[PDB]
Amino acid sequence: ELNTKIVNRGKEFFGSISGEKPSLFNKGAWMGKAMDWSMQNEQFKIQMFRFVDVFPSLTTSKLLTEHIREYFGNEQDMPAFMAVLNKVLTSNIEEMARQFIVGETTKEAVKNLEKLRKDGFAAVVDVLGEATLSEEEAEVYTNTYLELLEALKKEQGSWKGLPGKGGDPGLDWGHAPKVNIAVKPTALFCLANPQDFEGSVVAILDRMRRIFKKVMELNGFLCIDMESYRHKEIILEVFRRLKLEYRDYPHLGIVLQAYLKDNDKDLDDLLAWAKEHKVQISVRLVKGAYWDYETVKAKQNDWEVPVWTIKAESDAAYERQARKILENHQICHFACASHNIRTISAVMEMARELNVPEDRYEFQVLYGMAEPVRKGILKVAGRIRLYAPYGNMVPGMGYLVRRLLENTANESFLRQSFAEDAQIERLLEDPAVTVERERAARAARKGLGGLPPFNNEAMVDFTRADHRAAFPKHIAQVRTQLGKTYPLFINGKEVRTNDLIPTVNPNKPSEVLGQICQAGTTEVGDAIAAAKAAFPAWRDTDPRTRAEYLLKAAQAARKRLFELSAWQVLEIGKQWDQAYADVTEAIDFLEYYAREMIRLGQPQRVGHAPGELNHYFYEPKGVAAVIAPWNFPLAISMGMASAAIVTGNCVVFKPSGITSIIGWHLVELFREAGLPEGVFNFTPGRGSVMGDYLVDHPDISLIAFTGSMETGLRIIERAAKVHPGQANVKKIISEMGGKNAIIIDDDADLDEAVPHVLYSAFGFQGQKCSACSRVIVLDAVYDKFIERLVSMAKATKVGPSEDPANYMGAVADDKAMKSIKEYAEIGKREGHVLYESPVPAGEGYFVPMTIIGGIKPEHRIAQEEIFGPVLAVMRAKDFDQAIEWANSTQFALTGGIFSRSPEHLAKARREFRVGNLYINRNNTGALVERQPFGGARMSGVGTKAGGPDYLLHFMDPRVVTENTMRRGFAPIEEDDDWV
Amino acid sequence: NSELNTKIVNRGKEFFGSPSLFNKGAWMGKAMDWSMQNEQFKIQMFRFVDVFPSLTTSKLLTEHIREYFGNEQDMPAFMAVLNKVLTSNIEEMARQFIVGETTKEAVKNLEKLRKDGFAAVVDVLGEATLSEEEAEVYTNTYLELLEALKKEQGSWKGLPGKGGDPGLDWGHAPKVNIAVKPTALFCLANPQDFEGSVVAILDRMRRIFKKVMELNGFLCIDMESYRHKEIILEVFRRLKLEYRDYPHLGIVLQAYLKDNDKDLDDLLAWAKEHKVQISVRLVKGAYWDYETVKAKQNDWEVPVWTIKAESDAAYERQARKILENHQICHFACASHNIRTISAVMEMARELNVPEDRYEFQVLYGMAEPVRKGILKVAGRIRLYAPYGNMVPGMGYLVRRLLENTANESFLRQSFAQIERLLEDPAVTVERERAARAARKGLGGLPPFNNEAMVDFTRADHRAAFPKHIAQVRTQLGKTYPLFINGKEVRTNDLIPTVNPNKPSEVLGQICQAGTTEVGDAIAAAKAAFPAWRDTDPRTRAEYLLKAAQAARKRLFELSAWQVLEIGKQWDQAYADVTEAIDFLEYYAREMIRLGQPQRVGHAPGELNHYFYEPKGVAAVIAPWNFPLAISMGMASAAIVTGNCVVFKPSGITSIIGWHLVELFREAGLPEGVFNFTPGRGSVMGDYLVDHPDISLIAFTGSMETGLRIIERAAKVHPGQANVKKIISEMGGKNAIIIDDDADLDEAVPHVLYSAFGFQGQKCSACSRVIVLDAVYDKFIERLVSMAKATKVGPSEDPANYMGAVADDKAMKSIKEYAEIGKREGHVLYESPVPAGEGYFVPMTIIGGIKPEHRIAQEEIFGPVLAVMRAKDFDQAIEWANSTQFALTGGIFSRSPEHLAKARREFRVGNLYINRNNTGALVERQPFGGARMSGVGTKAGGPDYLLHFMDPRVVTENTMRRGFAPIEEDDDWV
Ligand SMILES: *[C]/[C]=[C]/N1=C2[C]=C([C])C([C])=[C]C2=N([C][C]([O])[C]([O])[C]([O])[C]OP([O])(=O)OP([O])(=O)O[C][C]2O[C](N3[C]=NC4=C3N=[C]N=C4[N])[C]([O])[C]2[O])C2=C1C(=O)[N]C(=O)[N]2
Ligand SMILES: C[C@@]1(S(=O)(=O)O)CC(=O)c2ccccc2C1=O
Ligand SMILES: C[C@@]1(S(=O)(=O)O)CC(=O)c2ccccc2C1=O
């Protein structure tokens, strides 16, 4: 019944449009021709849209000319509709951007808004801006709204209210405030992050409050826009708190997104909350702007995708939630925000059927698109408000790209109506019918040998209240477990020595976490003897059975995820996210290497001659020494040890002194898995006492080492000698340092480059082999890149990692703090200090977040690995010099480049020869399988952990060849070359 | 045709209207019936019968029964009770095919067969002939037999015929008829030494033939495997001409050989030319599976037809040709196939052939109804009657069982639609060919296949070596320069390279590189590197393919050089060049496979590509013992992966090293990518290894040198970009275990070859043979007796088994080791060597050796074999594992349990079961080991090229402004 009224409503709407197409679908216009070809040809769509994205950085004639050729080819190979060419492209693109923007200045915006009023349209005004990356940028954004409100304040008294059916003639349609603005919450705080939930809410709330107060001063409306899922809960809480501070002021709105599976509950909770507090609210319901982003993000982190994934589900959710809002019109004002005629028709007929007062609902569209839809709304619904952004053409271009993406999406109602000539009946169909049909249809990777395929363990997800509450609880629990003595673990038994070294909290060294027994050469010898005695039965254990112990250890760790993470926060000063990621990576190694050994464990027939069977397979070596670092104390230890173990070797394991308790987690995990005695032995000890003894020992066949170049090179040299009694040439697996650079090209997206560089340099205090310690910045973008990087750095806070508000904290120990501070002083004498953060007073191994510019390849801090929060900034005269400078060290571990030049990226792929090169993202945080990690030169020996070549380094191949012919007869085998 | 066929079909039906292994009432019938239904059981049963005569104790027998047939419960029903059940039954099955175990019994049973109307041709069962003494025993057994037959035949009444001499069989056939297996007369019969093999066999055959003629008897020369077919034909041709007036000499021809149409034509034309008479016994052929396997293993044309009806058609076609020529050629039809027999009978009638020009033969013990029928229908039937020891009687039994129960066997199919069975095989051929008419490469290239091995059954291959050796001798005396950056560079320091079998013969002079020239070569390689690294992997691979084709065209020439410069035997030389070709073909394909970047991970909004980069300059330090193969393997591997090479050949094989220069030059390899710098190790050895611009060292040679290189290269010098990657292959002290149940006819010649092939100068050579207590005396006597039959001398003469060792230095060192071993153990054999010049070390076998001894531990790299006596199989395994090396190993055993224990515990890089432990081929046997034998790299296999490269990953964030392209393999929605 209602559905039939909605369809006929939509039918009249299509009738009233008279076949008119929006400008983007007008094939008589240039933008229409461009979009037509983009919709026909996916490669051109990618070229064109990415070109419009980079366009605002093409600020010189050479940049512009080259990018045009790189994106679109030579003039002859362009489409017909496509230096003169610079002018025609520039003009058409600028014209498309102005289509969606009401002005570049406040004054121009105001004049144009008044034009729109005379044409019958209300407005909600938005300020365009690049991403806020600093406090000063947040202040500029805030002050622009204050400037806007002051201009509107002077003008609104002279505006006649838009015609209504009843109400107050001074107000739009008799009821709506004439001044309506919308603000993006994250633009008010550059470090908005649910990891610091309370801090983010407060920072945003404080600025929103200042804007709101001036909105209330002119009796205006403020809408709080909704952004990506990461900030949704923060944004809802900002709205709730501001609303309660001004419980009597009715003109405050929030956006809710119907594409979120969360939205049914979020809407219900918010209405119930409003009822409880006896307040009213306003909701602008949208479908949602970040669909592709949320799906990609969730898939990259193994989170549940937070959006519906069939487009009709979002439409059905919209009509469902709109009805809920309309039914609650008493407490909830409604803004329908959609360009979809079915959606709009649904809302109109539901409001009519529910007899909702017209002052409780209005319709909104984006300025400059769906033109015939906009005009149709005005005619049939009367009350229509245009979302009108204004400001700088740089963010204006990014906004344009997102509009073009939305208009030309395969699933777009506008594309289907105006490009594809879709049937009206199908366009106006009840989306619930659509959902069932596509759900039904959609009910129409694999693993091996009964095991699911490998997938990286889900990352900690601080959008969840339970994950946010888990860390303080588990840290507190860890604090009840302090003061213990950790013994050696040899041959399944605890062995105590009388040489104890305390392990302490680097953010609070007076806090002793425990006491670690130290192995002398006697005990190391016993560990080696136990591993050697366990080796024959372990080597003879079926590879599938050995893999099963890794799977059990992974499950044991998975059950203790937050607990194991909390130990790292305290013992080595990992931030919450850094600690959890260390534990998930350890789990990833276990799951991945288990699967790799199953794959590699089956002998393969090689060759195809009949009368003959050759089988090629692998054997372990013997006893492996595993010398692990403190910086990834569970992940890398577990990676090296489990690789050696699963391949059939037995392990003597020396954790780093300062993370010996984390090393004890390996004992716990392998013991819980029931690993046979002697296969894993835990022998922390003083390197000065037993370091060479372990490396030199005749019964060691393999050494896995991750650490400094000086130590790795020394081990490589010593391990090469063959001693009396020594059965094998020692196999060395050695990951050493990096002096990693990120290149910032002329056309880089600085909104992305700046925070990725800051995190690459200063995440975990710079204590990563992969960390960015050199940022090489192209001459023409240097001053503006540096200003933003430094201003963002200034917003960050340095302090204890157990407090999630801190960006980074103390370094590993007193020795590290002193070494790093000396490097900083050296660096300040080579270049010039750009930023040196405050650090907390009192105890703790704090090193300031430090940025030093004027650095050149000749300088020590351009060459030597500091392993701390010291970033060198280097000014390259051109891209050729940037590459040459990137390649000027003896290391080749990681590297990064931010660039949107196809030629520069191609050059970097080929010539920037690091083990792991990253394009347009941070150069840290390698994941198992996705980014197998390791390099050559002085960074290592070409082994890549977490990759499909890794396990072979811990084994040697064997071939068994059998002559199967007896008495002139051989069995035929399946793959035989025969007749 | 339809007329003749109709008569043939009708004659076939006559036979049918007119067999113990198919009798399911008897035990052998049941066992065979289950074999024909269950292939796993067939294999177990036939292999058990094969090993059975070696099961000489109660323990061996009991354990083998359980290992072959399982727990006496999971056994099929029809089968210490189980010990005696099998023993009596198997012995009974073997007796059905043998006319006696002694000459006296044979003769008496042969006389019984005569009174039953059957003629006979007598054959002497024997194990393989592995020595002159064994060849003499075999020969004298025939002489003993003939002597016994000579005294009986006058008393024999001729089988009744239609006319003629009543003192002759059927009126015309000699009453005494014997068959001899030619290779049983010479243990080293080998077409590689064609003339020597013909002469050795002919001399014994002549001795037998003279006694045959004295009795007015018939001698048939049997035909064996394809390897010896040409030798056997020539023996027949020579003996025939020596006694051109004596008509009773026959030869066997095999209709399953594609060669046979021409061989029969050739033989008939030969006989007409020489105006002699001949006799042919035409058979289908006994070695079908063997020839097919052997040809496929060596990449030779399969010499046999491979559709069974093709052999049947060939037989009828060739029988017709013989019968057309009945004037000059007597015919013996030898088939148990009723279609085949009926065809011969109607063809003989169609061509009006007199009955004294053809007869029918079957094997004693089978086709009894056929034999029953033949006698009634054809009247002239001769039984091929073997006699002798039960041991080779058992091997013969296995082969009889195999023939009877084959799917394609006329007998199995008959015991069935008669019209199908009696069909003209020509019709069957067309149908089957049509039905067949109704391994892939990659990127347009054929799949990898090992290069065809030299094939001395061919006259042209036998002629190629003396010819190419002569041509090489016209090119001696040259001075060989360095090759650096595409230019020849002369130095003043020259070292002669000489022939080790004849040191007065100087092959040329080799320029030596000083450190300055070595530095220049490294500099050239370094300068060439960037552009070579940036060359497309498919393009780099194309150069290897061009080099391989260049070598392929020079195969005999390249082989001849090795015969002279390092003393390779003909086969050893050719194999060295084919292996070089294999590496080129294989590594070219491996780089193409590895050359494409692969996406890793499946997360959307992201692309990770994983791929490989070369390292830089590689130093290649090559051995003399495989001077083209291993050199080319190491160098082409480094080159194809994008590195540039500085190559040091061994001093004494520097001319072979120069061949790498010629081959890469012919391929058009860019300058600097390959540089040739022979030099004195004391001058530039450490300089090369230590140089900071070297990123990889590929070495094959002694443990001592290899360990020194590993140690030195593990230092990183100032300006050194990388940790040096070491690819080092070092020695072996390789054992072959000879188990109680080993087949000694196989074990003996394989051990001899493994130990003394190329004078024992192989890293894979057998230098320890570990022999089980109960079979020790027996194995050692046969091994020593075979050794005694071999000759030591120049490798250019193919009559020699092995020759001089590499140089003066090697001879001295090996002789010191021989003396050490003689004090440690006891000499079992020590060959003569030629007098005069040449670096000759005797073929030396020493017994009494234990793991504690120096020659049980240290690599001698020469013709010195230690024989070690193990008390049980567990000790054999322990002793095999008692050295510091782990390169190759072998085991001769037919015990599933012992073989399984060896597969698990005999932990060498390449373990060989029931064959020699040398001769690894590319892809089939990737070669190399760990322990003190190497660093775990295997040349010629799928893990090898990665050792010359390092992986890189490029990771791209593909999302811009909220959108990322969907890629094919994305995890999506
Ligand atoms: C700053 C911001 C602002 N906002 C807004 C405001 C206004 C006034 C408006 C109008 C809007 C807005 N936004 C945006 C939105 O969201 C958009 O636009 C929408 O969504 C569009 O839609 P419509 O128009 O209704 O259309 P269509 O075509 O219908 O639809 C589309 C949609 O859907 C979805 N999807 C796709 N695909 C898919 C889906 N789902 C599921 N599945 C699948 N496959 C999406 O959503 C699209 O879009 C906004 C705002 C805020 O604040 N926030 C947000 O988020 N947004
Ligand atoms: C994220 C969006 S965008 O259009 O995709 O750029 C959402 C939106 O509707 C908007 C409207 C006006 C200005 C900016 C935006 C956005 O930031
Ligand atoms: C090689 C053969 S065997 O039967 O296959 O063993 C050929 C043959 O038919 C034969 C007949 C009588 C005695 C011995 C043999 C063989 O050695």
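Cut-offs applied
- Residues numbered from 1 in each chain as written, not as in the entry; some residues may be left out.
- Chains lettered and ligands numbered in written order.
- Heavy atoms only, no water.
- Residues with missing side-chain atoms left out of burial classes, pairs and counts.
- Helix = DSSP H or I, 4+ residues; strand = E, 2+ residues; numbered from the N terminus.
- Rg over C-alpha atoms; globule rule 2.2 N^0.38 Å.
- UniProt positions renumbered as here; feature names shortened; annotations may be inferred.
- Contact = heavy atoms within 4.5 Å.
- Near = heavy atom within 4 Å.
- Polar contact = N/O pair within 3.5 Å; in protein donor to acceptor, adjacent residues only side chain to side chain.
- Areas by Shrake-Rupley, 256 points an atom, 1.4 Å probe, with all protein chains shown as cover.
- Nonpolar A, V, L, I, M, F, W, Y, C, P; charged D, E, K, R; others polar.

Regarding how it was determined, this PDB entry cites X-ray crystallography in its header, along with a resolution of 1.950 Å.

Draft legend 1. Region of interest: the overall build of chain B. When its secondary structure is counted, chain B shows 32 helices and 28 strands. Over its C-alpha trace chain B gives a radius of gyration of 32 Å, about what one expects of a compact globule, namely 30 Å for 973 residues.

Draft legend 2. Examining the UniProt feature "active site" (unreviewed entry) in chain A more closely. Residues and elements named next belong to chain A. In this structure's numbering, the residues bearing the UniProt feature "active site" (unreviewed entry) are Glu-735 and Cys-769. These annotated residues cover 35 residues of sequence, but their C-alpha atoms sit close together, with the largest distance between any two at 8.9 Å. Inspection of the secondary structure assignment puts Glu-735 in strand β20 (residues 731-735). Setting aside chain neighbours within four positions, we find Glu-735 in contact with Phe-705, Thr-706, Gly-707, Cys-769, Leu-893, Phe-933 and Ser-939. Along the polypeptide, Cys-769 turns up in the loop between α28 (750-762) and β22 (772-778). Beyond its immediate sequence surroundings of up to four residues, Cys-769 is in contact with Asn-631, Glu-735, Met-736, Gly-738, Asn-740, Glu-865, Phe-867 and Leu-893.

Draft legend 3. View of the site of ligand 1. Residues and elements named next belong to chain A. Of all residues adjacent to ligand 1, which total 31 residues, the nearest are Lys-184, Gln-257, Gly-288, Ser-338 and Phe-413. Contact between ligand 1 and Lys-311: an oxygen atom at 2.9 Å from a side-chain N or O atom of the residue. Protein chains bury 95% of the 1000 Å² of accessible surface belonging to ligand 1 in isolation. Taken together, the elements giving at least two residues each to the shell around ligand 1 come down to β4 (252-257), β5 (281-286), α12 (311-327) and β7 (361-366). Its residues assigned to classes, the shell around ligand 1 comprises 14 nonpolar, nine polar and eight charged.

Draft legend 4. How the structure looks around the site of ligand 2. Residue and element names in this part refer to chain A. For ligand 2, the full set of nearby residues is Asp-126, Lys-184, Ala-289, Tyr-290, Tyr-387, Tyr-399, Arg-402 and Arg-403. A distance of 2.4 Å separates an oxygen atom of ligand 2 from a polar side-chain atom of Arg-402. In the model, an oxygen atom of ligand 2 is placed 2.3 Å from a nitrogen or oxygen of the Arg-403 side chain. Per element, the largest residue contribution to the shell around ligand 2 is three residues, and it comes from helix α15 (residues 393-408). Class assignment for the residues of the shell around ligand 2 results in four nonpolar, no polar and four charged.

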